[PDB]
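S.K.:
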Amino acid sequence: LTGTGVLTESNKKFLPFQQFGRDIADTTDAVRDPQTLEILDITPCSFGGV
Amino acid sequence: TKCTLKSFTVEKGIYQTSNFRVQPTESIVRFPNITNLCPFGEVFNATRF
Amino acid sequence: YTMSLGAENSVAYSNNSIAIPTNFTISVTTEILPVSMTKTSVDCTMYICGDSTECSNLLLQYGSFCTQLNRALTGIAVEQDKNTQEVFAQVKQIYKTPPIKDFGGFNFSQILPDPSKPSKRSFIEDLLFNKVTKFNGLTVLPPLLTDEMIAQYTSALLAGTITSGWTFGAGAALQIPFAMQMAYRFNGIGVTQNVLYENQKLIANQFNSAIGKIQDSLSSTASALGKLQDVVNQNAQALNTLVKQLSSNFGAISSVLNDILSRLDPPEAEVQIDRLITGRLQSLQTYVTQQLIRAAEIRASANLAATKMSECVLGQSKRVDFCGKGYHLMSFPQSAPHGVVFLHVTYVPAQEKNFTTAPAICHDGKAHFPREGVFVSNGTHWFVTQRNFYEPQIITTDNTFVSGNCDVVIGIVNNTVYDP
Amino acid sequence: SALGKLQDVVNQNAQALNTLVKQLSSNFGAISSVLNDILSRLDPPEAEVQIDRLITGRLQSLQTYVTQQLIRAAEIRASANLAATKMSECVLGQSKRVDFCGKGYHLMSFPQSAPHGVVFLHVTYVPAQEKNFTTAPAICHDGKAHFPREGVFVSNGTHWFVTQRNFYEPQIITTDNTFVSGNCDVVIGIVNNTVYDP
Amino acid sequence: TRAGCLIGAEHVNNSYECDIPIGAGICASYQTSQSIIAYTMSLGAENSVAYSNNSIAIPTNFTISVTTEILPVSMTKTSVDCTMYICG
Amino acid sequence: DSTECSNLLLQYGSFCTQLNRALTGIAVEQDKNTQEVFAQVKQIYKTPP
Ligand SMILES: *[C@@H]1O[C@H](CO)[C@@H](O)[C@H](O)[C@H]1NC(C)=O
Ligand SMILES: *[C@@H]1O[C@H](CO)[C@@H](O)[C@H](O)[C@H]1NC(C)=O
Ligand SMILES: *[C@@H]1O[C@H](CO)[C@@H](O)[C@H](O)[C@H]1NC(C)=O
Ligand SMILES: *[C@@H]1O[C@H](CO)[C@@H](O)[C@H](O)[C@H]1NC(C)=O
Ligand SMILES: *[C@@H]1O[C@H](CO)[C@@H](O)[C@H](O)[C@H]1NC(C)=O
Ligand SMILES: *[C@@H]1O[C@H](CO)[C@@H](O)[C@H](O)[C@H]1NC(C)=O
Ligand SMILES: *[C@@H]1O[C@H](CO)[C@@H](O)[C@H](O)[C@H]1NC(C)=O
Ligand SMILES: *[C@@H]1O[C@H](CO)[C@@H](O)[C@H](O)[C@H]1NC(C)=O
Ligand SMILES: *[C@@H]1O[C@H](CO)[C@@H](O)[C@H](O)[C@H]1NC(C)=O
Ligand SMILES: *[C@@H]1O[C@H](CO)[C@@H](O)[C@H](O)[C@H]1NC(C)=O
Ligand SMILES: *[C@@H]1O[C@H](CO)[C@@H](O)[C@H](O)[C@H]1NC(C)=O
Ligand SMILES: *[C@@H]1O[C@H](CO)[C@@H](O)[C@H](O)[C@H]1NC(C)=O
Ligand SMILES: *[C@@H]1O[C@H](CO)[C@@H](O)[C@H](O)[C@H]1NC(C)=O
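These protein sequence lines map, in sequence, to chains A, B, C, D, E and F.
Reading the first sequence from the start, the letters are residues 1 to 50 in the numbering used here.
Reading the second sequence from the start, the letters are residues 1 to 49 in the numbering used here.
Reading the third sequence from the start, the letters are residues 1 to 420 in the numbering used here.
Reading the fourth sequence from the start, the letters are residues 1 to 198 in the numbering used here.
Reading the fifth sequence from the start, the letters are residues 1 to 88 in the numbering used here.
Reading the sixth sequence from the start, the letters are residues 1 to 49 in the numbering used here.
#1: Would you verify that the beta carbon of residue 423 of chain C is, or is not, closer than 8 Å to some beta carbon of chain F?
#2: Note the first and the last residue of the continuous beta strand (DSSP E) segment covering C:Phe178.
#3: Name the chain D residues that come within less than 7 Å of C:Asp274, Cβ to Cβ?
#4: Along the chain, where does the alpha helix (DSSP H) containing C:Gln200 start, and where does it finish?
#5: List the residues of chain B whose Cβ lies closer than 9 Å to the Cβ of C:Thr74, in chain order.
#6: Closer than 8 Å, CB to CB, is C:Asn240 near chain D or not?
#7: Cβ atoms of C:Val348 and C:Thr25: under 8 Å apart, would you say?
#8: Comparing the CB of D:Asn132 with every heavy atom of ligand 9, is any distance shorter than 7 Å?
#9: Which whole runs of the alpha helix (DSSP H) in the stretch 116 to 189 of chain C are 4 residues long or more, in chain order?
#10: In whole angstroms, what is the alpha-carbon distance linking D:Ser33 and C:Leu292?
#11: Any heavy atom of ligand 2 closer than 7 Å to the CB of residue 67 of chain B?
#12: Less than 8 Å separating the beta-carbons of C:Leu242 and C:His338?
#13: So is C:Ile260 buried or exposed if we call it buried at 16+ other beta carbons inside 10 Å?
#14: Specify the secondary structure class of F:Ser6 as computed by DSSP and reduced to three states.
#15: Could you list which residues in chain D have their beta carbon closer than 8 Å to that of residue 422 of chain C, in chain order?
#16: Can you list, in chain order, the residues of the stretch 277 to 288 of chain C whose Cβ is nearer than 7 Å to any Cβ on chain D?
#17: Following the continuous beta strand (DSSP E) through D:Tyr65, name the residue where it begins and the one where it ends.
#18: When you compare the stretch 162 to 170 of chain D with the stretch 179 to 192 of chain D, are there three or more beta-carbon pairs, one atom per stretch, that lie closer than 8 Å?
#19: With a 10 Å radius around its C-beta and 16 neighbouring C-beta atoms as the bar for buried, classify E:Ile36 as buried or exposed.
#20: Please list the terminal residues of the continuous beta strand (DSSP E) segment that includes C:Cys49.
#21: Any residues in the stretch 83 to 103 of chain C with a beta carbon nearer than 7 Å to a beta carbon of chain E? Which ones, in chain order?
#22: Beta-carbon of B:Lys12 versus every beta-carbon of chain E: anything under 8 Å?
#23: What does the Cβ neighbour count give for C:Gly212, buried or exposed, with the cut at 16 atoms within 10 Å?
#24: Does DSSP put C:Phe65 in a helix, in a strand, or in coil?
#25: Indicate the three-state DSSP secondary structure (helix, strand or coil) for C:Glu79 in the structure shown.
#26: Would you say E:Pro72 faces chain C, with C-beta separation under 8 Å as the test?
#27: Does the stretch 369 to 380 of chain C come close enough to the stretch 63 to 76 of chain C to have 3 or more Cβ pairs within less than 8 Å?
#28: Relative to the C-alpha of D:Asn13, which candidate in D:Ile76, D:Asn177, D:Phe120 has its C-alpha closest?
#29: Could you give the first and the last residue of the continuous beta strand (DSSP E) run that contains C:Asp102?
#30: Leaving out five residues before and five after D:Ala30 in sequence, what residues of the same chain have Cβ atoms less than 6 Å from its Cβ?
#31: Contact check, D:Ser109 vs D:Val123 under 8 Å by CB: the rounded distance?
#32: Who are the Cβ neighbours of B:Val10 in its own chain at under 8 Å, not counting the five residues just before and after it?
#33: Using a Cβ-Cβ cutoff of less than 8 Å, which residues in the same chain neighbour C:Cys323 once the five nearest sequence positions on both sides are dropped?
#34: Where DSSP assigns a beta bridge to A:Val31, which residues make up the other side?
#35: Any residues whose CB sits closer than 7 Å to a heavy atom of ligand 1? List them in chain order?
#36: By how many angstroms is the C-alpha of E:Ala3 removed from the C-alpha of E:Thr40?
Structure representation (structure tokens):
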């Protein structure tokens with residue numbers, strides 16, 4: 001699940017059988033860290049038309 | 001502004017020129033731990049062949 | 001079953017029978033009108049391909065379609081801003097209600113703002129706001145006029161309609177009591193202003209009851225604001241369908257650019273890239289076309305709403321079935337999320353009564369025609385009343401003009417005319 | 001900056017034509033943008049491949065241009081219907097629609113020709129230099145109310161007068177400008193005043 | 001601001017009739033050295049009609065004003081040749 | 001009447017789904033237009049004999 005964005009901690013909990021999460025759209029909302037088993041949230045960094 | 005408007009004289013008002021976007025710096029490789037290690041030690045460094 | 005077109009009424013039509021009403025009731029009805037949609041501006045380059053220089057090169061090689069889409073989105077946003085400005089900002093001077101509230105006897109505390117609110121809105125406006133309920137390049141630009149500014153616009157419009165009436169939109173503000181304004185509005189639909197000064201308490205009570213019923217309907221019924229909710233849902237569904245279109249290969253190996261670039265050789269990789277790019281470009285073109293059609297519809301609706309405001313809030317229009325079902329007396333605009341709500345105050349007569357009518361009467365051989373009345377009779381005596389309210393008056397020469405003799409008119413009846 | 005709408009329409013049409021002629025000279029994923037060099041420097045298979053690619057690109061561009069032109073034509077047709085009904089309701093007659101034939105009371109309109117448009121000259125009647133007076137709903141002299149027929153019961157402090165609703169013209173309160181209906185015991189705001197009998 | 005942040009213009013606490021719409025009520029204008037200011041746009045004057053149920057405002061004079069407004073009616077009617085446009 | 005073509009079309013996204021939604025919207029628009037144009041009165045009247 002490649003991509004780019006800001007990786008920050010969140011408040012949602014994942015059962016110990018699931019993987020990276022999604023949202024109402026078809027984008028990757030959150031991912032499960034396969035190293036420390038921590039819940040991380042994916043937020044794309046700020047962008048906008050000048 | 002003068003470039004995107006194709007004119008040297010620009011009047012008042014708002015004008016969009018381009019799209020600002022923060023670019024990444026480095027990459028992060030995330031993979032699970034190395035647990036199911038192949039028993040290569042007992043193959044090459046064996047007691048009997 | 002077969003649908004019914006309504007009831008089955010049979011009006012007992014007769015050449016000497018008329019029905020003049022003896023009572024009336026004020027019914028306040030709402031009319032939801034969308035003014036503007038959410039301001040969206042999708043980035044063509046970022047939506048077609050993200051984090052890929054080959055995609056940008058190929059896309060600038062295909063032409064300037066992204067520039068056309070950006071120009072169309074900018075034009076749509078400018079059009080929405082212009083519609084929002086032309087609908088609400090009709091007066092160039094914000095008015096304020098006086099501290100004392102003695103508007104003839106009516107209770108306007110349900111639509112005027114209160115200082116105990118950070119948004120400076122009213123109770124009905126708060127109910128309307130509470131009723132209605134970034135990713136890969138799309139953004140939601142905020143509107144120019146904020147909610148507080150629209151609330152202040154509506155407050156100034158209400159103040160001008162209450163204090164000045166209709167002169168605030170046709171020149172300077174001219175103060176006038178609410179009773180006189182209501183009398184002059186009644187004197188523009190046919191009924192004489194003398195019925196309002198004699199039944200002001202009943203009219204005020206009926207107006208308060210209508211306001212209470214409107215508040216109860218807005219608080220209970222959740223499907224009242226249907227047009228704005230439908231527009232918001234359509235916009236959300238369009239955005240969701242536009243976002244979900246990226247999870248499609250359009251006849252390729254995959255849907256991720258990096259996977260194709262790292263798995264396929266450069267020629268086949270650029271082939272799949274071209275396929276994905278033209279697919280997403282067709283998708284964005286259809287989305288932009290649908291958005292332009294919806295924006296044209298919203299602009300038409302906003303022009304209609306602005307005309308309705310300028311013709312019913314800033315004045316009185318005698319157009320039938322244009323501002324509420326019935327004789328339009330006045331209206332009150334109310335703010336709404338991406339919309340406007342008009343409180344059309346109408347005059348609906350009721351409790352009619354059968355009467356015997358006649359075209360004219362000739363007292364001494366010369367026919368007498370009513371100026372602005374009707375020759376009704378209760379069997380024995382003849383009287384002249386108004387056309388929208390029963391008011392028996394003695395048939396005098398001061399309200400009936402004489403022209404010719406009663407030799408050609410069909411329906412003449414003999415009657416005496418009192419001479420002052 | 002007054003002639004904005006017509007100038008904006010002309011500029012939009014010119015920009016559409018220019019971008020169409022520019023898109024005709026695009027690559028659309030081919031090796032060039034000229035058909036002769038493609039048919040003369042390529043084998044027939046790749047030649048017809050690039051030709052059909054350019055054909056699809058130009059067809060998509062032309063379809064987008066036609067859709068934009070249709071949307072603009074629908075908008076212009078709506079604007080033309082609005083201009084026609086405004087012409088009919090302002091020039092060919094006095095309209096009582098508030099804020100339709102100019103801001104203020106409508107008097108008359110004078111149409112003027114314009115390139116791809118119409119310019120109006122709505123004459124508006126706006127009052128100014130107003131002054132406040134003392135008003136009342138009605139008066140009663142012989143124990144019976146006297147509501148004004150067509151006018152406003154004003155008073156400069158001492159004497160009461162009746163004037164028009166849009167122009168100050170004090171006149172003597174006579175029986176020809178007011179009508180009697182009921183007694184002066186139900187209306188709120190009644191004032192005592194005598195009426196002059198002609 | 002609500003749509004981001006403005007870099008290159010000072011934020012003043014004034015309120016005038018703005019000409020350049022920025023977004024969410026923010027407006028910029030070149031006004032006094034002179035520079036670009038960033039103030040919240042105003043909605044006009046602050047007139048307060050002293051309403052009372054004892055007085056009326058009747059105008060005494062009138063000024064005839066001629067207001068103009070433009071309206072597009074037609075466009076430049078064109079017709080393209082598809083066979084020659086696509087294939088010259 | 002083809003399954004492979006159905007799969008290849010579904011691979012192109014949900015375009016004709018939006019097309020069917022637009023067609024249903026057009027049908028509902030025509031219905032409500034006819035209703036608001038003709039069905040304006042809420043009580044059918046009858047001409048006298
Ligand atoms: C991987 O090793 C680290 C280091 O001790 C440990 O903290 C982590 O829990 C391990 N994760 C798994 C999935 O074994
Ligand atoms: C065998 O032993 C040598 C010496 O310690 C070591 O370098 C080598 O890695 C061992 N073989 C394997 C497969 O680990
Ligand atoms: C008119 O009807 C209302 C009910 O809506 C009633 O309160 C009122 O007394 C009636 N007026 C007359 C004159 O009957
Ligand atoms: C007006 O209505 C409000 C609430 O709708 C109520 O609290 C108030 O007592 C009513 N009367 C006056 C004079 O405000
Ligand atoms: C008038 O007459 C018709 C038929 O003669 C009758 O149905 C109706 O009840 C009468 N009264 C009114 C108020 O219409
Ligand atoms: C008709 O109205 C007059 C006026 O009040 C009244 O004197 C007369 O008794 C009425 N006749 C009937 C039959 O109601
Ligand atoms: C009304 O029509 C009837 C026919 O039923 C006729 O006898 C009567 O004379 C007519 N009255 C007038 C005033 O025309
Ligand atoms: C009305 O009066 C005239 C003369 O005064 C007479 O010729 C005529 O017959 C009368 N008509 C009726 C219906 O009484
Ligand atoms: C008009 O308004 C002024 C303002 O205070 C007040 O003094 C005056 O009494 C009012 N009436 C007249 C007739 O001037
Ligand atoms: C008010 O109008 C009357 C009408 O004649 C006039 O005599 C008087 O001078 C005016 N002014 C005052 C202050 O009464
Ligand atoms: C007006 O005249 C009546 C009749 O005597 C009197 O009762 C009243 O006090 C007078 N003044 C008013 C109504 O202000
Ligand atoms: C306005 O109406 C109220 C209603 O009670 C009354 O007390 C007052 O005298 C009237 N006039 C003014 C100037 O307030
Ligand atoms: C009305 O104002 C105009 C200025 O536009 C002036 O020339 C004229 O004398 C004024 N009329 C009166 C009666 O004051």
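For every residue, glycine included, the Cβ atom is placed at its ideal position computed from N, Cα and C.
M.R.: Let's see:
#1: Given a span of 1 to 420 for chain C in the structure shown, any question on residue 423 of chain C remains unanswerable.
#2: Segment 178 to 186 is the alpha helix (DSSP H) holding C:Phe178; no beta strand (DSSP E) there.
#3: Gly29
#4: 200 to 220
#5: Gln16
#6: no
#7: yes
#8: yes
#9: 123 to 131, 147 to 159, 178 to 186
#10: 31 Å
#11: One cannot answer for residue 67 of chain B here, as it falls past the ends of chain B, which runs 1 to 49.
#12: no
#13: buried
#14: helix
#15: Here chain C comprises residues numbered 1 to 420, so residue 422 of chain C is not present and cannot be evaluated.
#16: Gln285
#17: Note, D:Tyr65: premise wrong, no beta strand (DSSP E); alpha helix (DSSP H) at 44 to 90.
#18: no
#19: exposed
#20: C:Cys49 -> no beta strand (DSSP E), and no H or E assigned at all.
#21: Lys92, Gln93, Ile94, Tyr95, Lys96, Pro98, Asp102
#22: yes
#23: exposed
#24: helix
#25: helix
#26: no
#27: no
#28: D:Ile76
#29: Careful: C:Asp102 lies outside any beta strand (DSSP E) and carries neither H nor E.
#30: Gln50, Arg53, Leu54
#31: 7 Å
#32: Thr1, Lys2
#33: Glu31, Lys308, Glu311, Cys312, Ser317, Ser331, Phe342, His344, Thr346
#34: A:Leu40
#35: A:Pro34, A:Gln35, A:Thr36, A:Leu37, B:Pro32, B:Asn33, B:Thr35
#36: 13 Å
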